[PDB]
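> One structure is given below, represented as structure tokens, and several questions about it will come after.
Ideal geometry is used to build each Cβ from the backbone, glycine not excepted, and the neighbour counts take in all protein chains shown. Since every read-out is calculated from the coordinates, none of them should be taken as a lab result.
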Amino acid sequence: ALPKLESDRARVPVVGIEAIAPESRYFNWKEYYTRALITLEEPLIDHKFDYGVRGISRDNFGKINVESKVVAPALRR
Amino acid sequence: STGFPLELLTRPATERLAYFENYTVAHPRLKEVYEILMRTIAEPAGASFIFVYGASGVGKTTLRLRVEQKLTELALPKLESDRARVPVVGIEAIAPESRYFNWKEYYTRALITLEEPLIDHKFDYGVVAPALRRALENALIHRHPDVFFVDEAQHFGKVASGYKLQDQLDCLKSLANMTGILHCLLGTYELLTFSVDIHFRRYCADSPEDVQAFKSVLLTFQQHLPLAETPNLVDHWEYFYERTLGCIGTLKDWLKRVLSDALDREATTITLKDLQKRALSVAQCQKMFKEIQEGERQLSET
DNA sequence: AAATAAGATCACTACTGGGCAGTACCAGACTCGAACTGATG
Ligand SMILES: Nc1ncnc2c1ncn2[C@@H]1O[C@H](COP(=O)(O)OP(=O)(O)OP(=O)(O)O)[C@@H](O)[C@H]1O
Ligand SMILES: [Mg+2]
């Protein structure tokens, strides 16, 4: 997809994360959502995109930030 | 004509894949259920729930899309003057991450799909999310949708409580009572765990008419497959029914897999091994048949 | 029946949107003190 990535921006060919064994006794879906969002968006140029959630946005350094106040279905959206 | 255009052979393989992926066969069950649903929508008879069943792969979602398009084009002459009159709203239920279905998320997604502004600034003017609930009620009253489709309605039952399984639907019941909006809950056979009932039956092999219909849809699928040489498929109808159980939806994506594999190799026809490569697993069909048998037994009460 | 879970409630903590009583300006416009001036019995 590299020629297509060069031709068209805002495009990732493949994204991949690893599931995390939880410290508690139940799987953490909020951590899954936030880490998938970090992996998907952080290794990108500052392509201005507005997710439909108030808390999550980009920063000056480009690293994505998620407030601890953000509720998990909002992260999923 | 009844066959695929012969000009796509010179076109690139992506064009052939795009053409075949958009072909939606009108098998008799699909059009019969479509007519029943349209008759129910036109005259509701005072009902407010249009529960529709069917195991995965019958074609409920495409039926929803067809009904959406048909109702939009039916209303089209009268939205030129009347605005804020979205014909039909169709949403997909969210599988909860916790043990219980989330109703705040349902309300906010229903509001988003209606393009309702200022969702974050809602107010409660005197329950779960009263402000969002009242906002959705007002949006349904004023936008006046003909039907409110909720695909994947089986996720409403994620409550893990016998004394709360039926009560989980009180929010939708009250939202449909006081706004007068038809709620057509499309779901798999889990939805029978609980009003007009429609059954999206597959093609059971016991009845010869279903076998004839399955062979008909198989032939019309083979006619529209974009290959240089038309692949013979009706001979292995027994194989195509073993891994499909008679669902015209998963047959379509099975053929899509096989056709994409053929096109990627610049092939010209489909053999048995090509279908075997992209066939459903032996255990997968067993689990699917167990679930569909449970649903059929649940719906078998007369 | 005793033991082990689990939701409900109170209480405190940290975080982040975000508006109202109030001031200021700039000509356009209306209304009428005060006067000016001409016709008239
Ligand atoms: N009759 C049909 N003709 C052509 N394609 C179809 C048909 N029915 C379904 N599809 C295809 O199947 C996909 C949609 O899933 P499908 O309708 O088969 O499943 P469903 O059982 O209705 O849905 P779900 O399992 O999510 O409840 C799309 O790719 C659509 O093109
Ligand atoms: Mg579906």
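> Run through every distinct alpha carbon pair of the protein assembly as shown and return the Kirkwood hydrodynamic radius in angstroms, one decimal place.
24.1 Å
> Additional query: Add -39500 (n - 2.57) for each DSSP H run of 4 or more in chain B, then divide by its residues: what number comes out at 222 nm, to the nearest 500 deg cm²/dmol?
Value at 222 nm, helices only, nearest 500: -14500 deg cm²/dmol.
> With each run of n ≥ 4 DSSP H residues scored as -39500 (n - 2.57), what mean residue ellipticity at 222 nm is computed for chain A after dividing by its residue count and rounding to the nearest 500 deg cm²/dmol?
-8500 deg cm²/dmol
> Here's another thing I want to ask about it. Kindly put A:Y26, B:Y241 in sequence by how many other C-beta atoms sit within 10 Å of each C-beta, fewest to most.
If I rank by nearby Cβ atoms, fewest first, I get A:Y26, B:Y241.
> Let me ask you something else. Sorted from fewest to most neighbouring beta carbons within 10 Å, what does the list A:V12, B:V127, A:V66 look like?
Taking fewest neighbouring Cβ atoms as first place, the list is B:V127, A:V12, A:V66.
> If you don't mind, another one. Take B:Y107, A:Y33, B:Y100 and order them by how many other Cβ atoms sit within 10 Å, fewest up front.
The fewest-first ordering by Cβ neighbours comes to B:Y100, A:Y33, B:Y107.
> Of all DSSP beta bridges located in the protein assembly as shown, what percent are antiparallel, nearest 5?
Looking only at bridges with both residues in the protein assembly as shown, the antiparallel portion is about 10 percent.
> Sticking with this one: Taking K and R as +1 and D and E as -1, what net charge do the other residues with C-beta under 10 Å from the C-beta of B:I248 add up to?
Its environment carries a net charge of +3.
> Hey, another quick one. Give the Rg/Rh ratio for chain A, taking Rg as the radius of gyration of the Cα atoms and Rh as the Kirkwood radius, to two decimals.
Here the Rg-to-Rh quotient is 1.01.
> P(r) for chain B: what percent of alpha-carbon pairs falls in each 20 Å bin, starting at zero?
Calculated P(r), rounded to whole percents: 29, 52, 19, 0.
> Label-point separation (nm) for B:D82 and A:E31, each offset 7 Å from Cα along Cα-to-Cβ?
With each label point 7 Å from Cα toward Cβ, the separation is 5.3 nm.
> How many percent of the alpha carbon pairs in segment B:153-225 exceed a separation of 20 Å?
54 percent
> Next up: Could you derive backbone 3J(HN,Hα) for segment B:291-302 from the dihedral phi with the Karplus parameters 6.51, -1.76 and 1.60 (θ = phi - 60°), listing whole Hz in sequence and x where the residue is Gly or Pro?
Result, ordered by residue: 5, 5, 5, 4, x, 5, 5, 5, 7, 6, 5, 10 Hz.
> Any of B:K104/B:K290; B:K122/B:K164; B:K31/B:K173; B:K164/B:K256; A:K48/B:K70; A:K30/B:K122 with alpha carbons more than 31 Å apart? Name them for me.
Among B:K104/B:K290; B:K122/B:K164; B:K31/B:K173; B:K164/B:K256; A:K48/B:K70; A:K30/B:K122, the Cα-Cα distance tops 31 Å for B:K104/B:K290; B:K164/B:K256; A:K48/B:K70.
> Kindly express, to the nearest 10 degrees and within the range 0 to 90, the angle between helix A:29-41's C-alpha long axis and the longest C-alpha principal axis of chain A.
That helix lies at roughly 20 degrees to the long axis.
> Quick one: Debye curve from the C-alpha atoms of segment B:1-68, no solvent, what's log10 I(q)/I(0) at q = 0.15, 0.16, 0.28 Å⁻¹?
-0.65, -0.71, -1.28
> Per q in 0.18, 0.25, 0.27, 0.31 Å⁻¹, report the Debye log10 I(q)/I(0) for segment B:52-107, using one uniform scatterer on each alpha carbon and no solvent.
Computed log10 I(q)/I(0) values: -0.82, -1.00, -1.05, -1.16.
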